[PDB]
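Take a look at the letters that make up each chain.
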Amino acid sequence: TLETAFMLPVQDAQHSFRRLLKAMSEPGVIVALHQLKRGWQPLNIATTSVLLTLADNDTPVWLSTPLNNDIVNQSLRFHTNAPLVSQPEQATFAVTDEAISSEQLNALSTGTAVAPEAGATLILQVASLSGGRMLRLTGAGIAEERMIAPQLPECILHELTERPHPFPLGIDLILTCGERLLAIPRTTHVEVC
Amino acid sequence: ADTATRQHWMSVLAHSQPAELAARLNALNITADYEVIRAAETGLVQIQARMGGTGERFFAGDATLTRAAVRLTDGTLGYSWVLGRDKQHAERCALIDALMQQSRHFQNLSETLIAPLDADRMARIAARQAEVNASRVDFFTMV
Amino acid sequence: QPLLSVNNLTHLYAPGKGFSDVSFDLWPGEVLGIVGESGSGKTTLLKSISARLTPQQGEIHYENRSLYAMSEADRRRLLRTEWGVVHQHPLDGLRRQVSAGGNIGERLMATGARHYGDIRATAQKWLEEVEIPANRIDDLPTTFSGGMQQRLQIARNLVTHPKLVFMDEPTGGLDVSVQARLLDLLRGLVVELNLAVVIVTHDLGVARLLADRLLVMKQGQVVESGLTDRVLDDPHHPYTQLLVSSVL
Amino acid sequence: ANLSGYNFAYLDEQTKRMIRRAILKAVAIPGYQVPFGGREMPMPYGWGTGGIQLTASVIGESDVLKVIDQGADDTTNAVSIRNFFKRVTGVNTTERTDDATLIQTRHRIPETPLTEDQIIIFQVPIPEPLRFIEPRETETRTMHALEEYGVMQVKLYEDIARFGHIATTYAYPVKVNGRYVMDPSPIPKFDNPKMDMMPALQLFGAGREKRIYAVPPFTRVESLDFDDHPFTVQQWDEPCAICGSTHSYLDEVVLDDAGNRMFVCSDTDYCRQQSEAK
Amino acid sequence: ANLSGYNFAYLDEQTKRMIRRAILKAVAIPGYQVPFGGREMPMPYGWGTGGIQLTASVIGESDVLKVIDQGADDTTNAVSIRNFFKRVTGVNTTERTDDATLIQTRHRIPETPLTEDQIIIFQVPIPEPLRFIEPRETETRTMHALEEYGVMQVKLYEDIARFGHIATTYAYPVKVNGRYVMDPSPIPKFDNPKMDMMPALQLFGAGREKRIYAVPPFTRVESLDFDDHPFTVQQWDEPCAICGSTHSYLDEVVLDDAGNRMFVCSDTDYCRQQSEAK
Amino acid sequence: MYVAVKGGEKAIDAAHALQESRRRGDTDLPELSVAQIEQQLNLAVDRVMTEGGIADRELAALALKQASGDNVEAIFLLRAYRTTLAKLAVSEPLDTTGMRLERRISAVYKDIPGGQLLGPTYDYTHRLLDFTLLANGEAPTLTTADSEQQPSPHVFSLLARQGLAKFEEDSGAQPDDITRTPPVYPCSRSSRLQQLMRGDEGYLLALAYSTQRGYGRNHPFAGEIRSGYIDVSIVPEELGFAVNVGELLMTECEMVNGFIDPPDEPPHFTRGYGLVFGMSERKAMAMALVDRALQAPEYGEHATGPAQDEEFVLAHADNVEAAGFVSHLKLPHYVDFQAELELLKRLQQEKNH
Amino acid sequence: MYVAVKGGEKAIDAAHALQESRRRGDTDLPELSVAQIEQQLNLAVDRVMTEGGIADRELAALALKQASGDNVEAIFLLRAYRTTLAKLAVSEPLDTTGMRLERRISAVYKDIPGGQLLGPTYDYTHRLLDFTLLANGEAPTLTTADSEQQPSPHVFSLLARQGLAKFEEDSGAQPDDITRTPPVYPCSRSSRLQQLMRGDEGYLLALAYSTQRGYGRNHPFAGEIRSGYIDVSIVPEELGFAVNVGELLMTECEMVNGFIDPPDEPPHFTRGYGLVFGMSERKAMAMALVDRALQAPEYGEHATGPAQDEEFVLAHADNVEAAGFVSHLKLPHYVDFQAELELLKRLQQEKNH
Ligand SMILES: Nc1ncnc2c1ncn2[C@@H]1O[C@H](COP(=O)(O)OP(=O)(O)OP(=O)(O)O)[C@@H](O)[C@H]1O
Ligand SMILES: O=P(O)(O)OC[C@H]1O[C@@H]2OP(=O)(O)O[C@@H]2[C@@H]1O
Ligand SMILES: O=P(O)(O)OC[C@H]1O[C@@H]2OP(=O)(O)O[C@@H]2[C@@H]1O
Ligand SMILES: [Mg+2]
Ligand SMILES: [Zn+2]
Ligand SMILES: [Zn+2]
Ligand SMILES: [Zn+2]
Ligand SMILES: [Zn+2]
């Protein structure tokens, strides 16, 4: 009844982490995580790979209602032993879909000025990474500029462009579509073209 | 009731010296068919102590712990958790734990294995306490 | 809008020790002196209004922003770039192990200065403006006299031309000539650069020559307020009358 | 392949996962020292445990590992670390910076420019650039948090006043992404410019101090200096005695008690590359 | 006789001579801590090395040695010291204060008054009475030299203000010969009055701290106090449960977990003397 | 000219072989066994267990043999091995009241319920080198008293029943584990005790000695030092009920410390606590003394000695870190030294000019 | 009623017998020999010689056996024995240039005249518990290079020839001997070095580690660490000429430390010095680092760490004193405790009233 995790947990976790590290250190670069054949429906392959690679008992995980399913919760508990929390403010990893709200987004922990790593990482499942509003990325990880047009909610688009939380506070966004992954850390300057 | 008895015999096996337990088991010539469910694994048990012996918990290091699990032919699960790194001793302890849950073995081994081990340990403890008590400082005697 | 607005500010260590229910307004280009009997809470009020002490009650707005509602980083930035703070003890606002030039240039570098020669030249100029010789720039403040140290802490908190400067007995330990030289400097900065000053002092002459408005504190309570000339020449509270009479 | 009896890269999966999360947080917060639950390694603390942990957490079967200490692959500790990684991972190793996918380094950035998909892992004794000014972490954590780097500028000003120069010659502080003052590890001032807008990921590991920090590719790294005292790299009056390069960091080798000495490239791979080209 | 293979009293003649010179200097300068080149003893530092050295330096074949710890002859360390002295000197030993010529004591002055030609040797952990106020010897040496004992008076005043009493209950400072403030060793306040105008020589030995000081017979020893807070000795609502004395220092012996306790004389010899007399 | 050659690996291998041969020593002598070290060098084993973090006598003795008797190296070996071991369980909180005593003394009362059990100790021995140990000897025949163990209440339980001291109450607070997260200053008392138990014996002993000498004094008395066998129990998930997995020889030290006069409760003694593996008790006493010293923030004490400086004490207490970082200077540093030299040669040429 | 009885002596004797039996351990195992401890636990012997004050390997190993492996107790045993030995002569000043080297490394230059001799060392070993040592093994066959020893000039002599450092000059000053007179603060550098050599390894290592971490930093480099055999010579009065009485295995550490810019001479590196018996070198390195830290008065340095506080460092450095005074709390203290109790009980009554 429970879903299956990596066939080769060590190697697969290492490869997925390297892909995610490439995405985060080079924001806007799309990376494919091929190790997991199928995701934990409704979670996609990339999201499941990220959770299996990073989630454990020390990292509370919050699943949004659209993505919250009994099978998914049991599989996460069995494979990662990550505590499941019902509130976004208690989550080290937040998993949502396009239906995320401005309230849930601002409830996510942003860390503190003395402990900016004490915030949350948002894994947002998007309809596509290509067909959205054109976005220009500049900053660390980007030589001059990068162009990406993911289909993003308006609250996520507003978070990326205005950055209400001053650096070093803020969430690091992970966009997932199928097996493809894109990353935008809190440092990335995002402009709407 | 039964849980207390199981705790008692598990404690006796854990506190037993591996050599004496092995000798006693070989002498008993117990014919039991078991599958090792968990191979004897040596790891660490994290030690929790208390401030002032009674107050808040704090981590006072770790100790080596060996665990083993067996399953008899009838589905009886025997377990063992023993300080140290003796895998064979842990396997024997788990086997005896499984056997003691069977009616045909409980009273027999309770009298031929568990009681003689506990008595021997008690004798060792009493002898050591007799040696140690010679160092007690005598101050006053009631007349 | 007032540069600094204080509303019902209160902070008490114990009944009668500190201040309570203190409110006032400060616009650019005017000086607000504070006087009162020793231990009246003037220093506590000055620390509270300079982001150095969280009040138990009341509020402080600076440019339409609550002073203590912002992050600690913003308050530190304000105290680092555009806010001067002269302390009653000169060594509090000085670095003992850092030379006078370094003490003055820390404030310049915090504002973006990155040219060593210009920083040194400005430090020498300001050391001279506060009546300390330039050859002492490389000397540590521990080798300076009390007046020299106080005049170093004034130079350190005025080198960046801050908009708002809080002072606690700035004239203490200064001779009359250098005192007047430091009052003229403050008047020039206020009239030219539109600097705002909140000064705590006991020498009523300094307040009269400098303070545009005056406050009187007693037992932690603000008893009298208004224009400096009106308060000094036409006091109303009995303590103000006693204080003006005590003038030598 | 790994045939040592340990888990691949000697780290348990929980420790690897925790270090990986720390690496991602460090990448998202360039220049910030991310605390991590570092474990004791077969190497003593202060002998590269942080770098070993980072490499173990990132390394894979397909990576080509390059280990250099003082710029040389044959250095004692570099040999020990490389042999440990060969034993517990079986990965391919190289002395050529160009052919390396992972570079673990102590005190040198290779002369050969790094490229995309390369990760260079630095071993850091003191992850806190403000430590020698303020020994206490309780103060430096808040100094980082409130971007209060006034103590470093004063230190540089006083160094210039006392000596006419900035006394710091290695582990020279650098501002990262315009915000975080960072220690680049005890690399010489010569190597600091290589950090600016590099096309390779830079990871920094302080195992004993339990910190991890990183610089993403193409990130601004600016050494603290003054306009009239611009950042100047080490210089020698002699070229390398083996390859003749004038652009490499040089180590002084004393040949005898009479004072005869020769200067040779610390980056032995670059020295070989130049010598073969003739 | 001595048949242990060591020199009589275990001390070489040079060490004995140096300690003897120190003793004479201390006698001529009452209350002053005389530094001496103390040696490591078979007993650990802090277990009576100074007293052992003093006894070894003064003891002779004809002396009758009494060793007491906490006022009792049978105390563990007292037994060890007495056995060591019996082994390396062979002197006669006694539990009777009256019959003793040399008394080495830890934390008690005997209830039985001392007489002429008796020497009582105290074991001292901290020879400096001002140590707990000023831990540094560099300052206390000058405080002794310039008779600046203002820090002790302030300490007593503050103790009275905070508690209403002087917190010090043992090792209570005493002025000697009107000049030197001295630590009488960790004897209770109960015993301090015995020091005043005593007809016996008092020697104090701090082996670990390398100090020797002395009080000659018939010397004024005045405990520091105030007129309105006069020096008051410890008091108990019960007499000794064995001999019934109300004038002896009492030790509390806990008989059970239920809180039953009995108070008995610490000076076991005095307790025996009273019990036999009935 | 000169050509570079490879010498690092073979030099390393030869150095390791030399060290191994020196460890073996003269081959005419039989090689030491780990069992002999465990039995006869038991106090070194106790220190190695306590600081290395594993209460396994055989492993500590093995580390000592491998380290050629170097306590620092053996401790680091044991800690490194700890890193490779899976955590199988967390023990139920130790109950020292159930200790089977080998040694129980109290410095605050002449005699106590259960008595003054000296046990195996070097206390009161005359430290004279025993040259008979140069040759094989015969172990003494031990005197035997009654076998029963008398009720031994904790002396602090006797003090607290009188109101002289406060019971150590459990609020259920989750202990901090510095083995899983790096210490954050100021540290909780649980974290402080955990670090001190792992701390260097000599460093903490020196700090405690300084406190006794006025550098942050806390007026210590040894209220009770208990050494003996304490049972360890775990609640395995496979069963759900407590199982006794064995016993550990441990030493517990409780220190009475200077009384305080709180505004709203009667004045009472403060206290410090120490707990170590094995019989070596000076480590436990130093741990208790430094614990009391580091309790200054709780009691609002004005620090007067380094022993009360929490960061300074704890950041440098672990001899794994300290020994590693001091020894790391042996590593090649010629790149960094060349940088320092490059500057000095210029500041020498600008001064002379 | 109750009557007092004698129990002290027999309790002491029984405790000593228990300790002796525990030291012997299981009798089925052969008793350890002092020779085995000297050969195979050589680093513990090195520490015991260095801190106990006698460079006699057999005596230190005997103390370790007698102390059941307790380094503190063994050190105190050796020091106590030292007290019983007549001083027969004072050695001529040691000349480390004549050392026959087992190990010579320099962290400041890649290669030096005479080379980087690693020698017997645990440096660069993977600290993995070697379980093969649980059973008897075979010592490795050592590789043999050329037998000649290359000229090994002190690296500091190479630095001083360039003017980068200053030669350590001898003014003929008579060294202070703290074994004959108690230390007087401030102490001379000779007295400081003598005390540090006798100081606790862990305490000094922690202090040096703190200096590396900014608590009184001195920018250290290991200019040279030399271990080997150095000849000892004396000028007996019976003959009037120097006689070589043997050789001692010793380790010398020289630290380069942060340069200074004196007003009247070119800027130069400062230095620290460490010297220990045997091969254990971390003690020598810590000694050099703390020596440099305590050199602050000479260089007019503003103290920023406890390692620069001379009295605090030295008064608590000797673990003989520190261990003795910490353990002395185990002694009966019920008279003093009764005094503290008598006061506290009165304060409780008055507060309650
Ligand atoms: N930490 C404290 N705890 C208790 N009372 C305090 C504290 N700090 C200040 N006080 C008291 O609060 C009152 C206000 O003191 P404050 O320093 O503000 O006076 P002031 O008017 O600035 O003094 P002056 O003009 O004499 O320098 C005084 O009674 C002072 O004693
Ligand atoms: O803490 P670790 O174990 O990760 O060691 C990091 C660094 O600290 C030491 O100082 P170093 O920079 O000279 O080189 C050594 C080592 O590479
Ligand atoms: O320095 P030493 O060796 O001469 O010991 C003197 C005194 O110091 C310790 O403290 P204490 O007074 O409780 O009793 C012990 C001992 O008697
Ligand atoms: Mg004031
Ligand atoms: Zn070259
Ligand atoms: Zn009596
Ligand atoms: Zn270094
Ligand atoms: Zn004491």
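Parameters at a glance
Residues numbered from 1 in each chain as written, not as in the entry; some residues may be left out. Chains lettered and ligands numbered in written order. Part of a larger assembly, values for the part shown. Heavy atoms only, no water. Residues with missing side-chain atoms left out of burial classes, pairs and counts. Contact = heavy atoms within 4.5 Å. Buried < 20%, exposed > 50% of the residue type's maximum accessible area, 1.4 Å probe, protein only. Helix = DSSP H or I, 4+ residues; strand = E, 2+ residues; numbered from the N terminus. Pairing = 2+ DSSP bridges. Buried area = accessible area lost by both parts, 1.4 Å probe. Salt bridge = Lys/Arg side-chain N within 4 Å of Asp/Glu carboxyl O. Polar contact = N/O pair within 3.5 Å; in protein donor to acceptor, adjacent residues only side chain to side chain. Nonpolar A, V, L, I, M, F, W, Y, C, P; charged D, E, K, R; others polar. Donors = N, O, S within 2.8 Å, 3.2 Å for Na, K, Ca; no water. Tetrahedral: all angles 85-135°; square planar, octahedral: opposite > 155°, others 65-115°. Axes fitted to C-alpha atoms, helices over the stretch in contact; angles between N-to-C directions. Parallel < 35°, antiparallel > 145°, perpendicular 65-115°, else oblique. Left-handed = near helix turned anticlockwise from the far one by under 90°. Near = heavy atom within 4 Å. Areas by Shrake-Rupley, 256 points an atom, 1.4 Å probe, with all protein chains shown as cover.

Enquirer: Mind laying out the arrangement of the chains, listing which residues take part and the relevant values?
Expert: Contacts are most numerous, across the twelve pairs of chains in contact, for chains F and G. The two units chain C and chain E remain apart, with a minimum C-alpha distance of 20 Å. At the C-alpha level, the nearest point of chain D lies 25 Å from chain E, with no contact between them.

Enquirer: Hey, could you go over the pairing of strand β9 (residues 213-218) of chain C for me, with residue numbers and the actual values?
Expert: All names here are of chain C. With five of six residues buried, β9 is to be regarded as a mostly interior element. Sheet topology places β9 next to strand β10 (residues 221-227); six bridges connect them, and they run antiparallel. Residue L215 lies in a different strand from β10, and its bridge partner there is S225. The turn linking β9 back onto β10 is made up of two residues, and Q219 within it adopts a positive phi angle of 55°.

Enquirer: I'd like a description of the sheet that holds strand β5 (residues 65-66) of chain C, backed by residues and values.
Expert: Residue and element names in this part refer to chain C. Spatially, β2-β1-β4-β5 is the arrangement adopted by the four strands of the open sheet, whose pairing is antiparallel. The outermost strands of the open sheet, each flanked by one partner alone, are β2 (17-26) and β5. Where strand β1 (residues 4-14) lies against strand β4 (residues 57-62), five bridges are found, and the strand directions are antiparallel. Opposite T10, over in β4, you have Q57 as the bridge partner.

Enquirer: Explain the interface of chain B and chain G residue by residue, including any values.
Expert: The partner chain G presents 15 residues to the 14 residues of chain B that form the contact. Around 1200 Å² of area is buried between chain B and chain G when both sides are counted, 64% of it from carbon and sulfur atoms. Seen at the junction of chain B and chain G, the total is one salt bridge. Put simply, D138 of chain B and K10 of chain G hold a salt bridge, and the shortest N to O gap is 2.7 Å. Taken together, chain B and chain G are joined by five residue pairs in polar contact. Going through the elements one at a time, α4 (103-133), β4 (136-137) and β5 (140-142) of chain B are the ones with two or more residues in the side of chain B that touches chain G. Class assignment of the residues belonging to the side of chain B that touches chain G gives a composition of seven nonpolar, two polar and five charged.

Enquirer: Explain the coordination of the zinc ion (ligand 6) to me, and be specific about the residues and the numbers.
Expert: Residue and element names in this part refer to chain E. Bound to the zinc ion (ligand 6) on the protein side are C240 (SG), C243 (SG), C265 (SG) and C271 (SG), at distances that span 2.3 Å. Here the zinc ion (ligand 6) is ringed by four donor atoms whose angles at the metal span 105 to 114°, and the overall shape comes out tetrahedral. We note that the donor set of the zinc ion (ligand 6) lies within a single chain, spaced as C-x2-C-x21-C-x5-C. You'll find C240 and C243 in the same group, each marked buried.

Enquirer: Break down the packing of helix α2 (residues 18-28) of chain B against helix α3 (residues 87-100) of chain B for me, with residues and values.
Expert: How two helices pack is summed up by the angle between their axes together with the distance between the axes. Residue and element names in this part refer to chain B. One can describe the packing of α2 onto α3 by two numbers: an axis separation of 10 Å at closest approach and a directional angle of 50°. What the angle tells us is that α2 and α3 run oblique. Handedness of the α2/α3 crossing: left-handed. Mapping the contact onto sequence places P18, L21, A22 and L25 in α2 and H89, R92, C93 and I96 in α3.

Enquirer: Describe the environment of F263 of chain D, naming the residues involved and giving the relevant values.
Expert: The topology assignment puts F263 of chain D in strand β12 (residues 261-265). We classify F263 of chain D as buried; its relative accessible area is 10%. If we skip the residues at most four places from it in the chain, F263 of chain D touches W236, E238, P239, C240, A241, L250, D251 and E252 of chain D together with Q338 of chain F.

Enquirer: Account for the site of ligand 3, with residues named and values stated.
Expert: The full set close to ligand 3 counts 18 residues, and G46, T49, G50 and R106 of chain E together with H333 of chain G are the nearest of them. Taken together, the residues near ligand 3 originate from chains E and G. One of the backbone nitrogen or oxygen atoms of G48 of chain E is found 3.0 Å away from an oxygen atom of ligand 3. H333 of chain G is positioned with one of its side-chain polar atoms (N or O) 2.7 Å from an oxygen atom of ligand 3. Protein contacts shield 99% of the accessible area of ligand 3, which totals 400 Å² for the unbound molecule. Here the shell around ligand 3 is built from residues that sort into seven nonpolar, nine polar and two charged.

Enquirer: Got a sec to walk through the side chain of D70 of chain G? Specific residues and values, please.
Expert: Locating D70 of chain G in the fold gives a position in the loop between α4 (57-66) and α5 (71-83). Judged by its relative accessible area of 7%, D70 of chain G falls in the buried class. Separated by 3.2 Å, the side chain of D70 of chain G and the backbone nitrogen of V72 of chain G make a polar contact. Leave out the neighbours within four places in its chain, and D70 of chain G touches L43, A44 and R282 of chain F.

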